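The block underneath contains the structure these notes are about, expressed in structure tokens.
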Amino acid sequence: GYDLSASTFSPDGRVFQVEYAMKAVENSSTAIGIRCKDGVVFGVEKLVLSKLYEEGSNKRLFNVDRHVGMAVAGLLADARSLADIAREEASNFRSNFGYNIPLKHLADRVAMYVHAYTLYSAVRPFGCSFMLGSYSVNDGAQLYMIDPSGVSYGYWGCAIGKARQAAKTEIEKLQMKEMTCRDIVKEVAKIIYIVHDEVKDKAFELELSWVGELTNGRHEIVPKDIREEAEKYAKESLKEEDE
Amino acid sequence: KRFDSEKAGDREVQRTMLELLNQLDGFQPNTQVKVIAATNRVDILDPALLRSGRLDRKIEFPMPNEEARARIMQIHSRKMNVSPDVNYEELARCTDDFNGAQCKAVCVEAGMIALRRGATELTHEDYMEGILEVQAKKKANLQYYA
Amino acid sequence: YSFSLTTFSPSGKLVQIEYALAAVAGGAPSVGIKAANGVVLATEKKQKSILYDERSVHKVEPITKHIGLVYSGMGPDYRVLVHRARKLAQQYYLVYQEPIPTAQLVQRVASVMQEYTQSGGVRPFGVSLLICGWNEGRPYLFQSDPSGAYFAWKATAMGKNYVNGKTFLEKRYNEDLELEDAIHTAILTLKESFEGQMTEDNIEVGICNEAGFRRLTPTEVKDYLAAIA
Amino acid sequence: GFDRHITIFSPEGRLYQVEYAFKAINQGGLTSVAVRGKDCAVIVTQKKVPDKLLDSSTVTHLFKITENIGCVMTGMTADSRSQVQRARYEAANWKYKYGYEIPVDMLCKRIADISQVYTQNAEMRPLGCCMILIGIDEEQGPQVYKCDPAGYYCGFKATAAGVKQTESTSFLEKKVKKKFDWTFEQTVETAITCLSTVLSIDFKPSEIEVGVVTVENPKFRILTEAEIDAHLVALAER
Amino acid sequence: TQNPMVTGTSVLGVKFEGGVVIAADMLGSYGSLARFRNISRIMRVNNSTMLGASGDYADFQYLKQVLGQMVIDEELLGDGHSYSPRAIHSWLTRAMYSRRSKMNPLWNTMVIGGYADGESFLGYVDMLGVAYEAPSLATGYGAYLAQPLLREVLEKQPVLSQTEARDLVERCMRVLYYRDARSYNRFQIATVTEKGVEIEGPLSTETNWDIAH
Amino acid sequence: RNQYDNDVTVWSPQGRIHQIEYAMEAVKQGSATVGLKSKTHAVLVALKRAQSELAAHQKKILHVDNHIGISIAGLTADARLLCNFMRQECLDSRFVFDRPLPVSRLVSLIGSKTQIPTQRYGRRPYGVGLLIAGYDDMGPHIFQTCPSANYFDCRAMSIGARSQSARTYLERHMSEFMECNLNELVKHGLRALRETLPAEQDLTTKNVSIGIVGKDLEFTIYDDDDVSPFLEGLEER
Amino acid sequence: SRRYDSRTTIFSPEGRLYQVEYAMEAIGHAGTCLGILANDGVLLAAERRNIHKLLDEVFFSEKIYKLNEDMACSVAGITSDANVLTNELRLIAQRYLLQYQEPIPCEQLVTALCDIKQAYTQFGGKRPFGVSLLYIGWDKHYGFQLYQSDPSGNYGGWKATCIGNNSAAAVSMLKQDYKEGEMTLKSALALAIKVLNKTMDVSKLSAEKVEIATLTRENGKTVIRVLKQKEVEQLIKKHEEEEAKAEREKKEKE
Amino acid sequence: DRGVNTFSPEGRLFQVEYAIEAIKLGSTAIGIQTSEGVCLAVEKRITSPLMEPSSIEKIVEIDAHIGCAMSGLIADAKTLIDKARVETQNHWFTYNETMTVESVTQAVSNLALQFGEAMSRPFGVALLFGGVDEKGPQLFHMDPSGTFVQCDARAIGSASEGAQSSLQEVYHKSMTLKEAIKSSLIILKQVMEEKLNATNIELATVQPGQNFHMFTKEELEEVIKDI
Amino acid sequence: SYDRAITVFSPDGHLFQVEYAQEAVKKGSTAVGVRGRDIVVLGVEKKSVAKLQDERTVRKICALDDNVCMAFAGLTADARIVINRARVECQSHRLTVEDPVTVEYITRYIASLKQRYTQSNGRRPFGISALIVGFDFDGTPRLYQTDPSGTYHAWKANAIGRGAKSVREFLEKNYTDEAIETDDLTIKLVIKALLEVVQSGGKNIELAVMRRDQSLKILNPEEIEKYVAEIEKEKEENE
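So the sequences go chain by chain: U, A, Z, D, W, F, B, Y and G. Count along the first sequence from 1, then add 6; that gives the number in full-length UniProt numbering. Count along the second sequence from 1, then add 293; that gives the number in full-length UniProt numbering. Count along the third sequence from 1, then add 5; that gives the number in full-length UniProt numbering. Count along the fourth sequence from 1, then add 7; that gives the number in full-length UniProt numbering. Count along the fifth sequence from 1, then add 45; that gives the number in full-length UniProt numbering. Count along the sixth sequence from 1, then add 2; that gives the number in full-length UniProt numbering. Count along the seventh sequence from 1, then add 1; that gives the number in full-length UniProt numbering. Mapped onto full-length UniProt numbering, the consecutive letters of the eighth sequence carry residue numbers 9 to 125, 132 to 241. Count along the ninth sequence from 1, then add 1; that gives the number in full-length UniProt numbering.
Printed below as a string of structure tokens:
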């Protein structure tokens, strides 16, 4: 069983091109998402490849809907395609049924789209893994992760990209279920800075956002002041650890 | 890796590998002799050889990043008659997936390119030409591109 | 794909159809014997454990109130082919308000097999079918092949030991048989290759006579087995 | 010539890609067991959550095809979810088209036919998941069926899927040799102890999912942690 | 929709110096069979644009849903661009012209109010596809007996203060209730200014029937 | 390498798509162009190449609308097809909404379009990279689109053969950017192109194209003698 | 660019169509069939590969089919491809009858089917029909006609020909001992019998191993009749008598 | 490599460039543009004396103001010529004016990479559109890559390299059409595989005035006598 | 919907599959064609016609219309396809314009079809070469040769097939106004050209002729034998 098509099973019953898509996924910088008690906070270790780009020139945080925001990791082209697909899924859901799409349903639909692409050999699996986050008064705060194979799983704190394991340990060192978003933002900034590999990537920017009750179940980029405060918290944490 | 075959197989090399496996981690502990192996393809190696206790620190050497490539350029250019205007960061950005020796080859071929004329300089044109001739891109007449 | 995966080999043989034939020959034994007043299709329905409820997946399926069909080969391919045969029979009835003749039904199932041999992205059906029918006032037994070729048989066997079954049928078969006697012959042929005690449940039989095709219940098969022991 | 796609018949039959789909089903890593009693059908499945970061409420291999039909999926989880959605769509379409709930046997026949189409055509791969459907039929009682990626859909008195499919089948075989007339508690206990014995694990209420349909309550119910704990405590005491 | 069955009625619009004010009854009538007496026929398209229809309410609701979805998509983009009132006006003109040309009309007549970049905007998209930009608009049967007052007041004083626009619209709605068979003594006034759009709930104009006796 | 580089739908064992990399290589082999932006302007400067010295240098700056232009590097036919797509999208936007299409959304449309023939079998990436210089209500904009369908929003950028030298120059002089007149902006672009050029050659009217857009200035393309005024002030290396 | 394509309809380094010729040699392996023209009528004999004892006789023929009132064909090669081709032949003939209100001429029907054959050999990736047809028919233009069409889509009109196993030997024998403006049906049947004997030497031409179909004209109608076992046995007995007489004459001369 | 739309590691469609290789196998066409008009002289490879030379149609009339000299594969050339003629006539019908040479060349070139899996392979033909339009005489060269460029003097075909070197050595911007024809015929004779006899070459001219004109045997003989 | 690129350029710029089609042509029986003052002659090698084969059903020479005929060399099935399509196109031309087709027009149509098949998806080239001989309304003999690659030229004398090269050189020599003065002399030239490759004349020869706008006429074997006999007389007189 070769690995040149998603329609071919390995002798081990293992589709290899999906695993190669995942390998492409764990080459992007990093993206953490923490589900607090009253919201979800996304953070991305947006690596500024060159100083010529503008801050926010490669936004890996997209607004899939009013209440749903996704953080992507992997191929940005595939991530943008999946963001457009999720946007149209949410729009179609609202137009057909008349209310905001539940995050679980949207994640299931997009994951099934990803599976549709990982099934056949006429196409290739998406080379990006993404996290969806939303908050609603009647459904709480929800965070899901979908990978190139099309596996949508709910999480309390998830990490994708290169340092997903390090981010996972840093997240496990938290009482996420009982914290507030205003503090989980600082914790996410700290985790991004800890898992960032300065000697390996050097240049670095932190792209944050949350969707929570303080935003009335609406996904927004973190205000500049809050983002700066979280970045300062991460810097001082790194300084203290060094000392 | 070992395999099951009903007609022929690499049994002698498999036996030698088995002896190596037992020496690394077998009946008689040998805790005073340390072992470092090196390879380009672990997908080939046998699972019994990669297990913990035989080779536990399975280090992976990555493609050098931009800064790593610049550092390799400098390491292999320290002993040459280097011009004082060399944007090693520009050279690293141009390299673009030059893996190992490739950077040393850039330096060596830049030196050769200088040696054609005869001089004491590289001026980040000899290195540009060295990168061009180490990319090994086959000649083409694609000058009709926009 | 649209490009056929069944192509002629340098020796002028369709190796894909040959391999489908091998898959059929590797299937469960089945026998079909046409008597003077009916036909019998028997088959080995041995499960791999008593967990398997041997009353949900039936090895012998009716396609019309006068046509039945058993197979040897792949169960899923048999399922799709029996569904297609039922649809073809219903289309024939709707066009001509008359039950489809067995010859026509086998012809159309054979055409389906042939077009799956010829079509682009598909695989030849890995089953050989043993249609039996009582159109008109005569019994018909037809074997349809993965190649899409249909042969009329007085009596035949297909499966693991199909050559041995055919030799046994040649020795034991006569034109003057009667349905209850052909059932005995079919069960005896199955026993010729059966590996183990032949219970009334691990075997399945279906008769086809004037009344119409019907799959004998395990009770009737038990009575036949007792008479044959 | 080509054991790379299904439509080749390696030269003795032996659809290698379908066999590889079965191997993938095993490679999923989990195990599920299904049993049926005199009036009840039960499906237990191992529940692994190796993070503490996962919600642990979204990690479920028990799905509700319809209000009266449940299923446990094994193998690749994406393929499992895809086949579960297909099963739900087929059940809803059957209800809309024929006016009564789809039987479990017919539902498994539909999904098995779809898998057969996958194995028949070369463009697709036979998606590597094993579905085990549970329901209460109006005349046949607690139907329990199992569909596989080759298109086989035999109905079972007690079956299993996953890495320990063979051992689970052997244990259920031994149990069903004797006194298969099982009450609701007896059959739930049979399934739970089969899984525990095969996995050599003492089950906490956490790492198992149990789905039940009974004649008195023909609604696929996923037992809660408390009910699973009650059953496990009774098992330990006995 | 070849047959309009449940329709609104006249919708007024006037251009305040630093904003726009539109008014619309809260009546859904079935041809002298007022059924839905609490429907709002004015929507807030975005922070700086507002819509008010005077035709089939089903078509108005469909336009509401599609326009809301489109503005939602724009906000999702999050690129610092907002659909101008003029852009919404042009989109509605194009959509209803397309429906007309395919002979599947959206039986509506919408006043577009808006205020972007210190400029007040007022447009009259309607069923066939004719569009305008006027200091005052009156979609529907209310044109004939409301446009006179608005036009004369505007011509004698092009720029209207806030209270002038407010009470002018009040008087126009009062006369519309007086002399419109499909009017209702309860309406909404939506005002768009630099601070956004505000809909002033179910207002009810006072009458004067002294001439009755 | 050899079995993982024939199709765009084949993932290399390293999680890479060699066909996308090869299309990017085609863009690299394309000729050199530098885009760069200021507070109220955006300038593309392209070094045109002559296939034969009797042949006129291939044009590289193309209109897309009154507020958008593109400098192309790579397969000219694919460049022209993308240019047609941008023109059609801008016309559609100006038809539906009586407004210019935002560049931030035009580039997103290009990204989606160019990504579509990257998942499907038997299709190829558009072997052309673009520097899109435009101006909208949010000021000037310089974007870099590549065959991978990944687009970057650049303060300044350079694409094409030997574009890395222009990249170094732009890295050096970003600070000077954003606070300089249009003439100084064009001079910076020409300096970047001269940096890309070999030491033997130098910029000339027959060799340089300059697209300029900005506030109260529809995208204008200068070539031939129209470029001479910008070269007069330019100094020598 | 597919790895599984197999490129059915391509040319070869030499202009030689591999799939078409593999089909040709599949025909060669298939059972023998031959046809003989004669001033009074046309005949078509065919070896039978269904000689198994447990095999029932339900149709009027197995190698030979009827296309319309005054036309029959015989298939060599693959039975299922032959069945589909015969169905298409019947469709073509009946479409021509519906359109022109007269039976399709034999050459026209052969050309139509061969057009389908050529379409399969040039278009698409589908394998060609590994079937060779022998058509015997009558029409008001050239009377009794015999045609032979191959998988390539090439057809030729013959006075006597053979396809299938040992077809080369059969055609050589017919060439040796076929008379052009002579050989009425009686001698044509005798010639077919002797050709089948020397073509199936392995078996001494048991009457159950061959099928003969004769097309003739009677009172303005065309009759296509499959010779019964009685008539086939009579013909075989006559040939055996003639062969024994010839052997006796040769030995007596020697 | 497998597939018609695969890129090479160097950045290369493989099929455009195999088409270029195919072009290098065709007869030698030479086009010159001058202020007084555009000349197109193409070798007409006659393989046997029995071939009617007049039937080798390598110079064609796209319109009254544009001619096309084709090299490479003449049947693909003919397809492109038909498309160009249809496009020019469509433009005249819609706008009541004449296609510019640039416009018609780009319209034809936009059809050069429209293959996939419609055309299955690129057109293995290189064209020289010599025309006269609003902005005077213009000669445009198009190649299978779909990249068109207007040249003061171009030479496509098997002898492209030597013909264009000679075109450099001879051509000057301020020349007359008569001398352009003179030099084109000299170069074509030099690169000719056989003797230039006035029946194995096609010559055509488009002037700011009289329509596209294909020189007759008499005029060709006069010029060949002059050389 | 096969949609596969069958004919593609090789690295050296060759269309190997149309080249293979041309090889299929070269391995077909020879067909010679000449045009004279008021007659176009078109001969072909019968290529081993069996005594049992009805010569009517072998048609290497087919009339596309009253004024146009086509000699074949290649794969007979493609022969039939192209000939039928050409006949349909000729009738369509008679419809659209109230004039008979020109030989040049029909040759152009055949060439266009061949090019379409050489650069269409999922279609291999027509492995055939054709000789279109006929008369136009003005009454001018015309002979065209079309290759599988869609290239068509106007010739004075062709020979396409197995003996193409030898017959072409023979026709290049000894072909002149004196040799084509008369219809009989033109037929002699064609028959000699055929004899130069076909080992046995008469049997392995089939001539068709077209006088000025009268009809197509296939010379009977007796007439062919008479022409061959007097050719032999002329040869032995020379020697």
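Built from N, CA and C at the ideal position, the CB exists for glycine as well.
Less than 8 angstroms between CB atoms is the rule here; does residue i satisfy it with respect to chain U?
i	result
W:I84	no
A:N358	yes
Between residue i and chain F, is the shortest Cβ-Cβ distance under 8 angstroms, so that the two count as touching?
i	result
A:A361	no
Buried or exposed: which applies to residue i, given that a residue is buried once 16 or more other Cβ atoms fall within 10 Å of its Cβ?
i	result
B:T215	buried
D:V111	buried
U:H111	exposed
B:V203	exposed
For the candidate residues the options, whose alpha-carbon lies nearest to that of residue i?
i	options	result
U:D189	U:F136, U:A240 and U:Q171	U:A240
F:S230	F:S167, F:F221 and F:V188	F:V188
D:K226	D:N75, D:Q53 and D:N128	D:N75
Is there a Cβ of chain Z sitting closer than 8 angstroms to that of residue i, yes or no?
i	result
D:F163	yes
B:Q20	yes
B:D6	yes
Does any residue of chain B have a CB that is nearer than 8 angstroms to the CB of residue i?
i	result
D:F29	no
Y:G34	no
Taking Cβ positions only, does residue i come closer than 8 angstroms to chain Y?
i	result
G:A22	no
Do residue j and residue i have their beta-carbon atoms positioned less than 8 angstroms apart in this structure?
i	j	result
F:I144	A:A439	no
D:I121	D:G77	no
G:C70	G:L217	yes
D:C137	D:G82	yes
Is residue i close to chain A? Criterion is C-beta to C-beta, closer than 8 angstroms.
i	result
U:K57	no
With 8 angstroms set as the bound, which would you pick, yes or no: does the beta-carbon of residue i sit closer than that to a beta-carbon of chain W?
i	result
U:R72	yes
Enumerate, from N- to C-terminal direction, the unbroken alpha helix (DSSP H) stretches of 4 or more residues contained entirely within the segment 328 to 378 of chain A.
340 to 343 and 359 to 370
In chain order, which continuous runs of the alpha helix (DSSP H) of length 4 or greater are located wholly inside the segment 129 to 179 of chain F?
165 to 175
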